[PDB]
There are 2 protein chains.
Amino acid sequence: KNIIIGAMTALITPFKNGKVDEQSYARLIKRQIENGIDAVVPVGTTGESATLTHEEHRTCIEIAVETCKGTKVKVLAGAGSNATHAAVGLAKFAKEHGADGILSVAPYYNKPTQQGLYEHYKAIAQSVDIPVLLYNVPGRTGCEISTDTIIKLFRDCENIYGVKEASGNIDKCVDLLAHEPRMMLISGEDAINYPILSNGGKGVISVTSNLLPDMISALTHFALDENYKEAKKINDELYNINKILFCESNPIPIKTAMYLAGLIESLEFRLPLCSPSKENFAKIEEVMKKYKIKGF
Amino acid sequence: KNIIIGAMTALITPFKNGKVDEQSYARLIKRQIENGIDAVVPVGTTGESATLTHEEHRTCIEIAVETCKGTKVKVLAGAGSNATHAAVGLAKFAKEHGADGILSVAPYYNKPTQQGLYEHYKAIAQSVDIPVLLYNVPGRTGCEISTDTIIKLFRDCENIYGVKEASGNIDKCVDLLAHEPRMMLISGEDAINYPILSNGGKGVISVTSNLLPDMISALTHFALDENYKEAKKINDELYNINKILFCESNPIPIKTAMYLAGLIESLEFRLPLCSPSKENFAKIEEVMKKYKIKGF
Ligand SMILES: [Mg+2]
Ligand SMILES: [Mg+2]
């Protein structure tokens, strides 16, 4: 099975005057490359996929594919939908633009059954020849890919190599790797990056790595090299920023931190996303002061 | 304030050989009109909004608008999105195609803050001159429009005339109508249609009315006439069908029931939606035997 693992970054999408800042986008990806990141996730949830046009979806994948050309860094493009015909199209679309693999969110809002989730991902997997990573975030989608469904998809479809978990359920990550230890469990929650890695997870798709890519990649590589003491040290160290980056819904705090760190020009979102409250703005700025934020 | 209230139906969208069955669609709406329904809700969640193309979105709104010409029945079109610019576009689209009002579900998946929900709905309301009904379904969207946000939108925006609550929270239904008794609380959960109406709710947007429109229409009008004894009697009789119509995710059971009743020709969904399990198929078929299903 072809896999994409290690320290991965859910790229924010900087906007300037209602348009994608294409020069900040490429500049941020080369900052990710230069801080040990193994793969970048363009136009995911942290990249405000939902409010991007499908042309802008193309632009940020092409920028990500080009900026990581000639490097070891892979591009795991966000290509998910709650409509299977659309998800299949987004998967073929990401392949035809150079992405090394796709992250495919569980169908949101329409709450498909487990049988439907299987057929949903089966159609996606059969439409591409690139790796497919499932994304389970039940707090956002309103549905859950069960352990049995994840394992059945991993064994029955050849492109599906694992799942990114954002469920706050370390029990399920024991459930997953105890019954199917060959899959690539990916941490989708920065606060519990080390516990997921120490149980056999093989990477993270991180929000905090937008601001502190060196620390998240160091954390991941420590754990993969079985230096659990140094991996846990970084994880404990980042708990404060890992939690404050979710004081409001992602990616509102991380974009605030990127702006406060002077890494993006504008604290600009696309509605229904907006700037944080003045109190959370201050709290985010206060937690940052404890970290050394790498520049360009 | 211009309002759209009473017994309303969240229309299923019949499929025949992978296409929208346009002649069954109109015939089902005329069955709703003929059984006392006050408004129809095309291309909502029960209509599998997520898996329909924009042209099919256009086709089913136009069919609903045309079928209710010459009747008192209004058209409350589904026109919501987790992108405000898309929701504004869908709202203008529904108005320019004859819809009497729009149902706009809260942004699904990206979890906007309350401030973001306010600006999201303010932009939708200011783009049209037809009534706007909020839709709060947190189990599907991953976010909830709080009582304060619902009340502020009702008072600051003119087209916003109420909310369709599907949250299993009768406390919130007291909270809403006690602090702003002029808003139109609409029940989005069939099992608790009467309790919501008996506290001052002015209508329902029902799933069960697809199968039993006469019973749902009698319930609402009994309650609106303060005949709570006859309204509660119908609500109590409908509890069994109200619950079994959600044994799997809506609209999987209701489309199965419509098919079992011989009202649609094919039990066809669009992925990731699928047919129910053989056991739930039997349970739906068994509960239906206790009810009188009107024909054409
Ligand atoms: Mg009235
Ligand atoms: Mg009367």
# chains A, B, ... in the order shown; residues from 1 in each chain; ligands from 1
>>> residues_near_ligand(ligand="ligand 1", cutoff="9 Å", atoms="only C-alpha atoms and all ligand atoms", output="VMD selection string")
chain B and resid 3 5 to 6 184 202 224
>>> write_last_selection(atoms="N, CA, C and O atoms", output="tab-separated table (two decimals), in the first residue's frame")
chain	number	residue	atom	x	y	z
B	3	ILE	N	-44.96	35.94	6.88
B	3	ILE	CA	-44.67	34.65	7.48
B	3	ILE	C	-45.18	33.54	6.57
B	3	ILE	O	-46.05	33.74	5.72
B	5	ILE	N	-46.33	29.72	7.66
B	5	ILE	CA	-46.53	28.87	8.82
B	5	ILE	C	-47.47	27.72	8.48
B	5	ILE	O	-47.77	27.47	7.31
B	6	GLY	N	-47.94	27.01	9.51
B	6	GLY	CA	-48.89	25.93	9.31
B	6	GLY	C	-48.22	24.59	9.06
B	6	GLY	O	-47.04	24.38	9.34
B	184	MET	N	-41.95	33.04	14.80
B	184	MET	CA	-42.66	31.85	14.34
B	184	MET	C	-41.78	30.64	14.60
B	184	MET	O	-40.90	30.31	13.80
B	202	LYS	N	-46.21	27.85	15.59
B	202	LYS	CA	-47.23	28.17	14.60
B	202	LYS	C	-47.16	27.28	13.36
B	202	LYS	O	-47.76	27.62	12.33
B	224	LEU	N	-53.49	24.87	16.08
B	224	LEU	CA	-53.63	26.29	15.81
B	224	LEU	C	-54.98	26.83	16.25
B	224	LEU	O	-55.09	27.99	16.65
>>> interface_residues(of="chain A", to="chain B", cutoff="10 Å", atoms="only C-alpha atoms", output="PyMOL selection string")
chain A and resi 45-46+48-53+81-87+106-121+123+137-143+248-252+270-277
>>> residues_near_ligand(ligand="ligand 2", cutoff="12 Å", atoms="only C-alpha atoms and all ligand atoms", output="list in words")
residues 6, 217, 218, 219, 220, 221, 222, 223, 224, 225, 226 and 227 of chain B
>>> atom_distance(atom1="CA of residue 7 in chain B", atom2="CA of residue 284 in chain B")
23.2 Å
>>> residues_around(residues="residue 75 in chain A", least_positions_apart="2", cutoff="7 Å", atoms="only C-alpha atoms", output="PDB file with N, CA and C atoms, in the first residue's frame")
ATOM      1  N   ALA A  39       4.655  16.482   4.857  1.00  0.00           N
ATOM      2  CA  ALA A  39       3.595  16.630   3.871  1.00  0.00           C
ATOM      3  C   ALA A  39       2.725  17.817   4.255  1.00  0.00           C
ATOM      4  N   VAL A  40       2.111  18.438   3.253  1.00  0.00           N
ATOM      5  CA  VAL A  40       1.218  19.569   3.463  1.00  0.00           C
ATOM      6  C   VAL A  40      -0.173  19.184   2.983  1.00  0.00           C
ATOM      7  N   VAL A  41      -1.189  19.658   3.695  1.00  0.00           N
ATOM      8  CA  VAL A  41      -2.580  19.380   3.354  1.00  0.00           C
ATOM      9  C   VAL A  41      -3.222  20.679   2.888  1.00  0.00           C
ATOM     10  N   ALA A  64       0.717  24.234  -4.015  1.00  0.00           N
ATOM     11  CA  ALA A  64       1.287  23.253  -3.099  1.00  0.00           C
ATOM     12  C   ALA A  64       2.089  22.197  -3.844  1.00  0.00           C
ATOM     13  N   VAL A  65       1.583  21.742  -4.993  1.00  0.00           N
ATOM     14  CA  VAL A  65       2.289  20.723  -5.760  1.00  0.00           C
ATOM     15  C   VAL A  65       3.603  21.271  -6.304  1.00  0.00           C
ATOM     16  N   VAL A  73       8.732  16.576   0.474  1.00  0.00           N
ATOM     17  CA  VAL A  73       7.421  16.881   1.034  1.00  0.00           C
ATOM     18  C   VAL A  73       6.332  16.508   0.038  1.00  0.00           C
ATOM     19  N   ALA A  77      -3.941  16.415  -0.591  1.00  0.00           N
ATOM     20  CA  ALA A  77      -4.956  17.422  -0.873  1.00  0.00           C
ATOM     21  C   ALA A  77      -6.300  17.057  -0.257  1.00  0.00           C
ATOM     22  N   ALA A  99      -1.409  16.135  -6.810  1.00  0.00           N
ATOM     23  CA  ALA A  99      -1.430  15.754  -5.405  1.00  0.00           C
ATOM     24  C   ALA A  99      -0.962  14.314  -5.242  1.00  0.00           C
ATOM     25  N   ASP A 100      -0.136  14.080  -4.220  1.00  0.00           N
ATOM     26  CA  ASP A 100       0.349  12.731  -3.954  1.00  0.00           C
ATOM     27  C   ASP A 100      -0.726  11.846  -3.342  1.00  0.00           C
ATOM     28  N   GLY A 101      -1.723  12.439  -2.696  1.00  0.00           N
ATOM     29  CA  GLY A 101      -2.819  11.691  -2.111  1.00  0.00           C
ATOM     30  C   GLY A 101      -3.935  12.648  -1.759  1.00  0.00           C
TER      31      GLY A 101
END
>>> calpha_fit_and_write(fixed="chain B", moving="chain A", output="mmCIF file with C-alpha atoms, in the first residue's frame")
data_model
loop_
_atom_site.group_PDB
_atom_site.id
_atom_site.type_symbol
_atom_site.label_atom_id
_atom_site.label_comp_id
_atom_site.auth_asym_id
_atom_site.auth_seq_id
_atom_site.Cartn_x
_atom_site.Cartn_y
_atom_site.Cartn_z
ATOM 1 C CA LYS A 1 -43.398 40.659 8.947
ATOM 2 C CA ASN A 2 -44.293 38.314 6.095
ATOM 3 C CA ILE A 3 -44.481 34.738 7.368
ATOM 4 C CA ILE A 4 -45.042 31.213 6.058
ATOM 5 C CA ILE A 5 -46.505 28.953 8.743
ATOM 6 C CA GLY A 6 -48.835 26.008 9.263
ATOM 7 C CA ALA A 7 -48.392 22.401 8.226
ATOM 8 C CA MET A 8 -45.400 22.159 5.889
ATOM 9 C CA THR A 9 -43.866 19.136 4.170
ATOM 10 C CA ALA A 10 -40.169 18.464 3.588
ATOM 11 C CA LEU A 11 -40.609 16.910 0.155
ATOM 12 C CA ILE A 12 -38.672 13.795 -0.729
ATOM 13 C CA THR A 13 -37.078 13.856 -4.175
ATOM 14 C CA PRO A 14 -37.936 10.658 -6.092
ATOM 15 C CA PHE A 15 -35.286 9.444 -8.447
ATOM 16 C CA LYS A 16 -35.682 7.044 -11.319
ATOM 17 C CA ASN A 17 -32.626 5.915 -13.195
ATOM 18 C CA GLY A 18 -30.382 8.438 -11.460
ATOM 19 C CA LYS A 19 -32.565 11.392 -12.483
ATOM 20 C CA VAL A 20 -35.261 13.411 -10.742
ATOM 21 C CA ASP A 21 -38.645 11.855 -11.517
ATOM 22 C CA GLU A 22 -40.302 15.123 -12.525
ATOM 23 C CA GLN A 23 -43.757 13.581 -12.970
ATOM 24 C CA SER A 24 -43.716 11.835 -9.593
ATOM 25 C CA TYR A 25 -42.467 15.070 -8.003
ATOM 26 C CA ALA A 26 -45.407 17.122 -9.284
ATOM 27 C CA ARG A 27 -47.777 14.244 -8.515
ATOM 28 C CA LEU A 28 -46.583 14.109 -4.901
ATOM 29 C CA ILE A 29 -47.000 17.871 -4.419
ATOM 30 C CA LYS A 30 -50.615 17.808 -5.591
ATOM 31 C CA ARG A 31 -51.177 14.942 -3.165
ATOM 32 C CA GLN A 32 -49.797 17.241 -0.458
ATOM 33 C CA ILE A 33 -52.078 20.048 -1.551
ATOM 34 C CA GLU A 34 -55.090 17.857 -1.540
ATOM 35 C CA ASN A 35 -54.523 16.765 2.072
ATOM 36 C CA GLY A 36 -54.640 20.171 3.749
ATOM 37 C CA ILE A 37 -50.941 21.041 3.601
ATOM 38 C CA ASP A 38 -50.281 24.777 3.840
ATOM 39 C CA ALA A 39 -46.765 24.860 2.349
ATOM 40 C CA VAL A 40 -44.222 22.538 0.738
ATOM 41 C CA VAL A 41 -40.463 22.585 1.320
ATOM 42 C CA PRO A 42 -38.696 21.464 -1.872
ATOM 43 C CA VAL A 43 -35.068 20.291 -2.018
ATOM 44 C CA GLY A 44 -34.507 20.424 1.731
ATOM 45 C CA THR A 45 -32.616 17.886 3.795
ATOM 46 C CA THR A 46 -35.400 15.334 3.292
ATOM 47 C CA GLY A 47 -35.136 16.061 -0.441
ATOM 48 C CA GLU A 48 -31.431 15.095 -0.521
ATOM 49 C CA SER A 49 -30.362 18.656 -1.361
ATOM 50 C CA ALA A 50 -26.732 17.683 -0.763
ATOM 51 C CA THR A 51 -26.636 15.187 -3.654
ATOM 52 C CA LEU A 52 -28.654 17.248 -6.151
ATOM 53 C CA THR A 53 -27.156 19.355 -8.857
ATOM 54 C CA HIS A 54 -27.932 22.989 -8.892
ATOM 55 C CA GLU A 55 -29.952 22.577 -12.112
ATOM 56 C CA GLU A 56 -31.982 19.821 -10.392
ATOM 57 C CA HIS A 57 -32.374 22.244 -7.485
ATOM 58 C CA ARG A 58 -33.964 24.603 -10.023
ATOM 59 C CA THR A 59 -36.203 21.920 -11.540
ATOM 60 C CA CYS A 60 -37.817 20.865 -8.259
ATOM 61 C CA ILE A 61 -38.391 24.446 -7.116
ATOM 62 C CA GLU A 62 -39.996 25.298 -10.459
ATOM 63 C CA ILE A 63 -42.181 22.189 -10.251
ATOM 64 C CA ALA A 64 -43.145 23.124 -6.687
ATOM 65 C CA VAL A 65 -43.854 26.748 -7.609
ATOM 66 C CA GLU A 66 -46.000 25.753 -10.598
ATOM 67 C CA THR A 67 -47.896 22.931 -8.875
ATOM 68 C CA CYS A 68 -48.977 25.267 -6.053
ATOM 69 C CA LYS A 69 -49.893 28.127 -8.399
ATOM 70 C CA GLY A 70 -53.581 28.927 -8.057
ATOM 71 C CA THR A 71 -53.686 27.316 -4.601
ATOM 72 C CA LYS A 72 -53.153 28.669 -1.101
ATOM 73 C CA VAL A 73 -50.110 26.400 -0.682
ATOM 74 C CA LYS A 74 -46.834 28.318 -0.447
ATOM 75 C CA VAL A 75 -43.351 27.131 -1.433
ATOM 76 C CA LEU A 76 -40.677 27.394 1.279
ATOM 77 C CA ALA A 77 -37.577 26.450 -0.699
ATOM 78 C CA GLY A 78 -34.443 25.034 0.875
ATOM 79 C CA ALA A 79 -31.641 27.525 0.207
ATOM 80 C CA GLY A 80 -28.841 27.044 2.722
ATOM 81 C CA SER A 81 -25.062 26.673 2.670
ATOM 82 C CA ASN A 82 -22.068 26.634 4.989
ATOM 83 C CA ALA A 83 -20.545 29.304 2.720
ATOM 84 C CA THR A 84 -22.262 32.675 3.064
ATOM 85 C CA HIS A 85 -21.564 33.767 -0.518
ATOM 86 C CA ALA A 86 -23.214 30.536 -1.687
ATOM 87 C CA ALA A 87 -26.124 30.886 0.751
ATOM 88 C CA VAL A 88 -26.767 34.426 -0.505
ATOM 89 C CA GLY A 89 -26.737 33.102 -4.068
ATOM 90 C CA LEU A 90 -29.123 30.268 -3.233
ATOM 91 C CA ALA A 91 -31.482 32.750 -1.561
ATOM 92 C CA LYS A 92 -31.575 35.030 -4.609
ATOM 93 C CA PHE A 93 -31.855 31.904 -6.771
ATOM 94 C CA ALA A 94 -34.928 30.647 -4.908
ATOM 95 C CA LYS A 95 -36.573 34.075 -5.121
ATOM 96 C CA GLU A 96 -35.967 34.361 -8.870
ATOM 97 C CA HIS A 97 -37.788 31.027 -9.364
ATOM 98 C CA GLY A 98 -41.036 31.795 -7.540
ATOM 99 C CA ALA A 99 -40.461 30.510 -4.007
ATOM 100 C CA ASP A 100 -42.572 32.296 -1.407
ATOM 101 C CA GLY A 101 -39.764 31.993 1.151
ATOM 102 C CA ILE A 102 -36.543 30.190 1.977
ATOM 103 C CA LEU A 103 -35.474 27.734 4.663
ATOM 104 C CA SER A 104 -31.804 28.394 5.447
ATOM 105 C CA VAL A 105 -29.889 25.708 7.341
ATOM 106 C CA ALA A 106 -27.256 26.767 9.836
ATOM 107 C CA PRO A 107 -23.752 26.507 8.324
ATOM 108 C CA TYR A 108 -22.707 22.882 8.655
ATOM 109 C CA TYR A 109 -19.329 21.298 9.405
ATOM 110 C CA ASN A 110 -17.333 24.547 9.642
ATOM 111 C CA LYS A 111 -18.977 25.435 13.018
ATOM 112 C CA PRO A 112 -19.186 29.242 12.750
ATOM 113 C CA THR A 113 -19.312 31.244 15.941
ATOM 114 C CA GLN A 114 -22.460 33.036 17.085
ATOM 115 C CA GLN A 115 -21.090 36.315 15.715
ATOM 116 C CA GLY A 116 -20.510 34.618 12.365
ATOM 117 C CA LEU A 117 -23.967 33.040 12.340
ATOM 118 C CA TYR A 118 -25.440 36.524 12.774
ATOM 119 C CA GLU A 119 -23.434 37.966 9.879
ATOM 120 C CA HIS A 120 -24.182 34.843 7.821
ATOM 121 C CA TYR A 121 -27.950 35.247 8.145
ATOM 122 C CA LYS A 122 -27.754 39.050 7.931
ATOM 123 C CA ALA A 123 -26.211 38.780 4.458
ATOM 124 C CA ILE A 124 -28.848 36.242 3.397
ATOM 125 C CA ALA A 125 -31.701 38.417 4.672
ATOM 126 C CA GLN A 126 -30.410 41.551 2.924
ATOM 127 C CA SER A 127 -30.167 39.718 -0.426
ATOM 128 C CA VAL A 128 -33.899 38.943 -0.775
ATOM 129 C CA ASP A 129 -37.294 40.497 -0.086
ATOM 130 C CA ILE A 130 -38.951 37.155 0.762
ATOM 131 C CA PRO A 131 -39.311 35.636 4.261
ATOM 132 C CA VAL A 132 -36.303 33.775 5.658
ATOM 133 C CA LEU A 133 -36.772 30.947 8.170
ATOM 134 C CA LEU A 134 -33.727 29.812 10.122
ATOM 135 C CA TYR A 135 -33.113 26.068 10.438
ATOM 136 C CA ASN A 136 -31.363 24.820 13.584
ATOM 137 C CA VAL A 137 -30.438 21.124 13.567
ATOM 138 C CA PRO A 138 -27.284 20.810 15.706
ATOM 139 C CA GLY A 139 -27.102 17.023 15.380
ATOM 140 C CA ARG A 140 -26.519 17.538 11.642
ATOM 141 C CA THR A 141 -24.606 20.836 11.487
ATOM 142 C CA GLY A 142 -22.265 20.515 14.476
ATOM 143 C CA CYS A 143 -23.136 24.071 15.563
ATOM 144 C CA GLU A 144 -26.076 25.718 17.303
ATOM 145 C CA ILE A 145 -27.922 28.970 16.673
ATOM 146 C CA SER A 146 -28.404 30.204 20.231
ATOM 147 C CA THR A 147 -31.656 31.744 21.430
ATOM 148 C CA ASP A 148 -29.991 35.162 21.649
ATOM 149 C CA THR A 149 -28.680 34.894 18.080
ATOM 150 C CA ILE A 150 -32.076 33.791 16.738
ATOM 151 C CA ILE A 151 -33.800 36.675 18.518
ATOM 152 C CA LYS A 152 -31.211 39.242 17.421
ATOM 153 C CA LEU A 153 -31.603 38.124 13.802
ATOM 154 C CA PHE A 154 -35.398 38.196 14.109
ATOM 155 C CA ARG A 155 -35.361 41.769 15.437
ATOM 156 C CA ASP A 156 -32.527 43.176 13.294
ATOM 157 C CA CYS A 157 -33.405 41.637 9.910
ATOM 158 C CA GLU A 158 -36.833 42.173 8.423
ATOM 159 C CA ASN A 159 -37.156 39.012 6.315
ATOM 160 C CA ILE A 160 -36.248 36.670 9.204
ATOM 161 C CA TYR A 161 -39.516 35.643 10.856
ATOM 162 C CA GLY A 162 -38.649 32.555 12.908
ATOM 163 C CA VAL A 163 -36.722 29.320 13.251
ATOM 164 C CA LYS A 164 -37.356 25.664 12.504
ATOM 165 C CA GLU A 165 -36.124 23.590 15.410
ATOM 166 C CA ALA A 166 -34.670 20.076 15.197
ATOM 167 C CA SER A 167 -32.805 19.996 18.513
ATOM 168 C CA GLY A 168 -34.909 17.833 20.857
ATOM 169 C CA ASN A 169 -34.871 20.758 23.306
ATOM 170 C CA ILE A 170 -38.353 21.819 24.414
ATOM 171 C CA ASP A 171 -36.590 24.050 26.954
ATOM 172 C CA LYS A 172 -35.166 26.140 24.110
ATOM 173 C CA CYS A 173 -38.632 26.451 22.560
ATOM 174 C CA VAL A 174 -39.860 27.864 25.856
ATOM 175 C CA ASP A 175 -36.737 30.047 25.929
ATOM 176 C CA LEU A 176 -37.479 31.319 22.415
ATOM 177 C CA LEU A 177 -41.190 32.127 22.717
ATOM 178 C CA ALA A 178 -40.907 33.540 26.254
ATOM 179 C CA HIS A 179 -38.317 36.166 25.267
ATOM 180 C CA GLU A 180 -39.576 36.784 21.705
ATOM 181 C CA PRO A 181 -43.223 35.690 21.449
ATOM 182 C CA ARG A 182 -43.749 37.333 18.038
ATOM 183 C CA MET A 183 -41.538 34.857 16.171
ATOM 184 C CA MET A 184 -42.835 31.843 14.253
ATOM 185 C CA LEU A 185 -41.443 28.751 15.960
ATOM 186 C CA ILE A 186 -41.640 25.801 13.561
ATOM 187 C CA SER A 187 -41.381 22.171 14.647
ATOM 188 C CA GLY A 188 -38.698 20.231 12.799
ATOM 189 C CA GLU A 189 -39.261 17.022 14.771
ATOM 190 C CA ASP A 190 -42.423 15.055 14.039
ATOM 191 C CA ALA A 191 -42.528 13.208 17.363
ATOM 192 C CA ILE A 192 -42.821 16.463 19.337
ATOM 193 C CA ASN A 193 -45.020 18.384 16.898
ATOM 194 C CA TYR A 194 -47.797 18.875 19.458
ATOM 195 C CA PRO A 195 -45.613 19.971 22.432
ATOM 196 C CA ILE A 196 -43.965 22.595 20.221
ATOM 197 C CA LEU A 197 -47.344 23.709 18.856
ATOM 198 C CA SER A 198 -49.008 23.770 22.287
ATOM 199 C CA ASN A 199 -46.337 26.204 23.543
ATOM 200 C CA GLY A 200 -47.097 28.711 20.771
ATOM 201 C CA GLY A 201 -45.372 27.208 17.752
ATOM 202 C CA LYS A 202 -47.154 28.138 14.542
ATOM 203 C CA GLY A 203 -46.317 25.202 12.293
ATOM 204 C CA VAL A 204 -44.257 22.149 11.451
ATOM 205 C CA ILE A 205 -41.931 21.269 8.586
ATOM 206 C CA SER A 206 -42.581 17.554 8.687
ATOM 207 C CA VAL A 207 -40.996 14.360 7.407
ATOM 208 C CA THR A 208 -43.994 12.177 8.297
ATOM 209 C CA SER A 209 -46.297 14.406 6.221
ATOM 210 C CA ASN A 210 -44.709 12.913 3.093
ATOM 211 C CA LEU A 211 -46.521 9.649 3.883
ATOM 212 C CA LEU A 212 -49.428 10.939 6.017
ATOM 213 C CA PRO A 213 -50.043 14.555 4.937
ATOM 214 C CA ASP A 214 -53.675 14.523 6.078
ATOM 215 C CA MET A 215 -52.757 13.568 9.647
ATOM 216 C CA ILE A 216 -49.892 16.054 10.009
ATOM 217 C CA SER A 217 -51.982 18.924 8.631
ATOM 218 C CA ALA A 218 -54.943 17.925 10.806
ATOM 219 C CA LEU A 219 -52.592 17.801 13.805
ATOM 220 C CA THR A 220 -51.208 21.267 13.046
ATOM 221 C CA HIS A 221 -54.590 22.895 12.412
ATOM 222 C CA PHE A 222 -56.098 21.343 15.546
ATOM 223 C CA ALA A 223 -53.291 22.890 17.603
ATOM 224 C CA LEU A 224 -53.476 26.296 15.908
ATOM 225 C CA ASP A 225 -57.238 26.353 16.563
ATOM 226 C CA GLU A 226 -56.432 25.524 20.229
ATOM 227 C CA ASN A 227 -58.091 22.083 20.080
ATOM 228 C CA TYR A 228 -55.186 20.638 22.034
ATOM 229 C CA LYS A 229 -57.064 17.430 22.880
ATOM 230 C CA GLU A 230 -57.544 16.451 19.236
ATOM 231 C CA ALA A 231 -54.052 17.700 18.347
ATOM 232 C CA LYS A 232 -52.462 15.571 21.077
ATOM 233 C CA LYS A 233 -54.555 12.568 19.997
ATOM 234 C CA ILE A 234 -53.054 12.637 16.496
ATOM 235 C CA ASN A 235 -49.559 13.217 17.913
ATOM 236 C CA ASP A 236 -49.761 10.246 20.226
ATOM 237 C CA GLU A 237 -51.193 8.244 17.442
ATOM 238 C CA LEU A 238 -48.249 8.925 15.185
ATOM 239 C CA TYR A 239 -45.450 8.456 17.633
ATOM 240 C CA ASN A 240 -44.720 4.970 16.304
ATOM 241 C CA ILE A 241 -44.380 6.142 12.703
ATOM 242 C CA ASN A 242 -42.684 9.364 13.850
ATOM 243 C CA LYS A 243 -39.927 7.332 15.513
ATOM 244 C CA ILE A 244 -39.599 4.522 12.954
ATOM 245 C CA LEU A 245 -39.183 7.133 10.199
ATOM 246 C CA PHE A 246 -35.820 7.845 11.868
ATOM 247 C CA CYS A 247 -34.686 4.261 12.528
ATOM 248 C CA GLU A 248 -32.015 5.272 10.023
ATOM 249 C CA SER A 249 -31.037 8.790 9.003
ATOM 250 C CA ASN A 250 -33.681 10.889 7.278
ATOM 251 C CA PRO A 251 -34.686 10.605 4.455
ATOM 252 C CA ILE A 252 -33.734 6.909 4.171
ATOM 253 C CA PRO A 253 -36.775 5.598 6.129
ATOM 254 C CA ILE A 254 -39.352 8.020 4.699
ATOM 255 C CA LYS A 255 -38.318 7.173 1.132
ATOM 256 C CA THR A 256 -38.610 3.504 2.095
ATOM 257 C CA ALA A 257 -42.128 4.126 3.409
ATOM 258 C CA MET A 258 -43.098 6.113 0.303
ATOM 259 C CA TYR A 259 -41.876 3.198 -1.823
ATOM 260 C CA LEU A 260 -43.647 0.618 0.354
ATOM 261 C CA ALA A 261 -46.849 2.673 0.129
ATOM 262 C CA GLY A 262 -46.561 2.608 -3.666
ATOM 263 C CA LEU A 263 -46.306 6.400 -3.891
ATOM 264 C CA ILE A 264 -42.875 6.397 -5.608
ATOM 265 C CA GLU A 265 -41.465 3.970 -8.163
ATOM 266 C CA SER A 266 -37.994 3.308 -6.962
ATOM 267 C CA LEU A 267 -36.305 2.914 -3.631
ATOM 268 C CA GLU A 268 -33.416 4.911 -5.066
ATOM 269 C CA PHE A 269 -31.036 7.271 -3.274
ATOM 270 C CA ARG A 270 -27.873 9.107 -4.241
ATOM 271 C CA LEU A 271 -24.733 8.034 -2.373
ATOM 272 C CA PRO A 272 -23.695 8.289 0.432
ATOM 273 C CA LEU A 273 -27.391 7.571 1.069
ATOM 274 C CA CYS A 274 -28.502 3.983 0.491
ATOM 275 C CA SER A 275 -31.396 1.625 1.149
ATOM 276 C CA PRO A 276 -32.034 0.651 4.788
ATOM 277 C CA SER A 277 -31.040 -2.635 6.356
ATOM 278 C CA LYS A 278 -33.381 -5.562 5.775
ATOM 279 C CA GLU A 279 -34.435 -5.467 9.429
ATOM 280 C CA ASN A 280 -35.304 -1.766 9.396
ATOM 281 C CA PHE A 281 -37.021 -2.264 6.030
ATOM 282 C CA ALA A 282 -39.309 -4.763 7.770
ATOM 283 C CA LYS A 283 -39.796 -2.563 10.847
ATOM 284 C CA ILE A 284 -40.826 0.401 8.682
ATOM 285 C CA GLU A 285 -43.241 -1.831 6.762
ATOM 286 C CA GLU A 286 -44.627 -3.139 10.059
ATOM 287 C CA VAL A 287 -45.323 0.271 11.579
ATOM 288 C CA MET A 288 -47.108 1.404 8.396
ATOM 289 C CA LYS A 289 -49.741 -1.219 8.734
ATOM 290 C CA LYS A 290 -51.298 0.754 11.518
ATOM 291 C CA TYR A 291 -51.968 3.860 9.472
ATOM 292 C CA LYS A 292 -54.363 4.575 6.624
ATOM 293 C CA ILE A 293 -52.165 6.010 3.875
ATOM 294 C CA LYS A 294 -53.973 8.312 1.461
ATOM 295 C CA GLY A 295 -53.421 7.579 -2.220
ATOM 296 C CA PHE A 296 -53.289 9.920 -5.185
#
>>> select_by_dssp(residues="range 161-254 of chain B", states="strand (DSSP E)", output="number ranges by chain")
B: 161-165, 184-187, 203-206
>>> write_last_selection(atoms="C-alpha atoms", output="PDB file, in the first residue's frame")
ATOM      1  CA  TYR B 161     -39.582  35.586  10.842  1.00  0.00           C
ATOM      2  CA  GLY B 162     -38.795  32.464  12.877  1.00  0.00           C
ATOM      3  CA  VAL B 163     -36.837  29.237  13.198  1.00  0.00           C
ATOM      4  CA  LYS B 164     -37.359  25.561  12.389  1.00  0.00           C
ATOM      5  CA  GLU B 165     -36.103  23.808  15.517  1.00  0.00           C
ATOM      6  CA  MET B 184     -42.661  31.853  14.338  1.00  0.00           C
ATOM      7  CA  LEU B 185     -41.329  28.723  16.026  1.00  0.00           C
ATOM      8  CA  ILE B 186     -41.617  25.797  13.596  1.00  0.00           C
ATOM      9  CA  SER B 187     -41.183  22.185  14.687  1.00  0.00           C
ATOM     10  CA  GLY B 203     -46.454  25.249  12.307  1.00  0.00           C
ATOM     11  CA  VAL B 204     -44.405  22.201  11.406  1.00  0.00           C
ATOM     12  CA  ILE B 205     -42.063  21.289   8.566  1.00  0.00           C
ATOM     13  CA  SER B 206     -42.711  17.577   8.680  1.00  0.00           C
TER      14      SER B 206
END
>>> select_by_dssp(residues="range 2-44 of chain B", states="alpha helix (DSSP H)", output="PyMOL selection string")
chain B and resi 22-33
